[PDB]
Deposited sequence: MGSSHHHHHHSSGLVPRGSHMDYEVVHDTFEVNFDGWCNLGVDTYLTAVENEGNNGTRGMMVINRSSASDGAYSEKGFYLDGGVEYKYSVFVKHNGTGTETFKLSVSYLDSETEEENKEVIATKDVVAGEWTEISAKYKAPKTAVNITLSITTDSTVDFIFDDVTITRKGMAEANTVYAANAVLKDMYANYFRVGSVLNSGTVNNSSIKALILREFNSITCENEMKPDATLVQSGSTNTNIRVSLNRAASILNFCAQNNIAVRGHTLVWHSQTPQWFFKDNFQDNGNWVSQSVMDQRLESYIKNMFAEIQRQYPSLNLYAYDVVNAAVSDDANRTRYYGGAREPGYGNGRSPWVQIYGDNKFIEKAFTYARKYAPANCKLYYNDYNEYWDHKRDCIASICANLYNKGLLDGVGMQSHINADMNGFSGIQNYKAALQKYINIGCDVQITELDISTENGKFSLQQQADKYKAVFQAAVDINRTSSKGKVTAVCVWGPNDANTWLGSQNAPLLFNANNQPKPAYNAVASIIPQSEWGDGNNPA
């Protein structure tokens, strides 16, 4: 058992560990760790199955044997039976099986090692270590260890663009288990956004929320944040307010999907609380994470010209289908400035606040987004406009290079920054070739680089692609819309984008400027 694949020694961050059981609480405390170090306390359990867990899919493969080892300590009376358990999901049967791998009776007051060798089936993905007891006893663990068993800049995006902006991609619960993508991200990208795991419905906790204390959870995001903090990859938060992927109950008097719409002043409380508590938890659990940007409000301007003309861009009130529960409560887009105010209040200083939207180069919508953002920038509330940049491969037309530069320029002319937040470039089911997609990718990065070489005030501080490869895109792979194919081989677009910056100007991707 040579290689060490995991070593969690909670000195800085929670290292990807979550509370098992909706009411269990994890708290990392100084000096309560093994050897006087920082340790991880698990409290408030209410059944032998409650406890703590960590998805380690990033680090553990199916069909491989590992030695799993954790030091634990409890402060009760007599012996406690500790259990280490491993869970996976069978990529065939789609069932979660959890087998207890080590059972060990542990005396009070003493740091003890619990460990065993375990080899999960060849078809196991999402391998998850969890610690529990045979009682509902409180405990503390430290020094989790899993083992087996067998500046010159590189030609990589983050290094090539180190003097210009971060270069981002996206991770999700599924891709976080893909070894091959882990290697890709580490090699190329210095920014990650969670595709879904930081949205309101992935983070809000219904049980026990109240108007002035909305409970939140990073359990869905934790392996990602952990992976990013551990490897010095910056993260964009996505997203605090959005008419989509937000539970209806969040908007209802009794925290139930079918309650009554709440008043504006009730919803102010809940809005502020969600925002305060999201920032508090990120700080609490991943203080070393470079949370460089956050999408405070997402996609609030309507695609409908009638609404941008006569209703300040408000979507239609309601829930689902592009309707907005925010407009349902507030009547209006006034909630936007509210969200940025609370975000300015609780975000770290280095965390830049973005209004993010798509079809951002369509005149009537562009004009409305630019106006909203300029008013916010001027009040000190907003730092940047996010251009989602869900575009196609056509140099001409609705998202062609002209419309796109015009929008990039009008955003930059506000004085704020710009980020290109969710870039993908659809071939429209093969209507456009990979060679034309390469041209559009080259045009877009080239336009960002040009802004940065020109002026001044405004900059493009990130360019991010909405996915790591063509096997993992929300547009479906028939639109092959990213820089790497389904085997992570670089496409023509990658070659193209890698050819814009001369070797002399490359810098340190881990310390971009």
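- Stretches of the deposited sequence absent from the structure, as judged by C-alpha coordinates, are 1 to 20, 171 to 177.
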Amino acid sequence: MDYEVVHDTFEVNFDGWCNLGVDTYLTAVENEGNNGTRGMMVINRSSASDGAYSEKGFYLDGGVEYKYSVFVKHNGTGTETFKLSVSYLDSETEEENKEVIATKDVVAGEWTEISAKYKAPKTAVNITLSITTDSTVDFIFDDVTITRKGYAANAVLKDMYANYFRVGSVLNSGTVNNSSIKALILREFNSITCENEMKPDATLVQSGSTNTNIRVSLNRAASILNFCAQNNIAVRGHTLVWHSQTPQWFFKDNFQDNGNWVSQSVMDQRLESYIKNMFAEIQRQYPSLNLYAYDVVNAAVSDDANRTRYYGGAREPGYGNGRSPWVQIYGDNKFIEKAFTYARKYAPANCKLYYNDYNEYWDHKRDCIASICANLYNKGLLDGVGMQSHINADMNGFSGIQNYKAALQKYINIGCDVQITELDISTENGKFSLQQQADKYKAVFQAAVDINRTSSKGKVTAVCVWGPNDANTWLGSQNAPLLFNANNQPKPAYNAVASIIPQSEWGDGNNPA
From here on, numbers count along this sequence of modelled residues.
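- Relative to its counterpart among 258 to 266 and 434 to 442, 258 to 266 has the higher mean temperature factor, C-alpha atoms as listed in the PDB entry.
- Relative to its counterpart among 234 to 242 and 345 to 353, 345 to 353 has the higher mean temperature factor, C-alpha atoms as listed in the PDB entry.
- The PDB entry assigns its highest CA temperature factor, among 366, 215, 119, 338, to 119.
- The PDB entry gives the largest Cα B-factor of the residues 396, 283, 81, 169 to 81.
- Per the PDB record, residue ranking by Cα B-factor puts residue 191 in the lowest third of the chain.
- Residue 98: CA B factor in the highest third of modelled residues in this chain (values from the PDB entry).
- Ranked by C-alpha B-factor against the other modelled residues of its chain, residue 76 falls in the highest third.
- In the PDB entry, residue 465 places in the lowest third of its chain by CA B-factor.
- Residue-level temperature factors show residue 402 in the lowest third of its chain, judged at the C-alpha atom.
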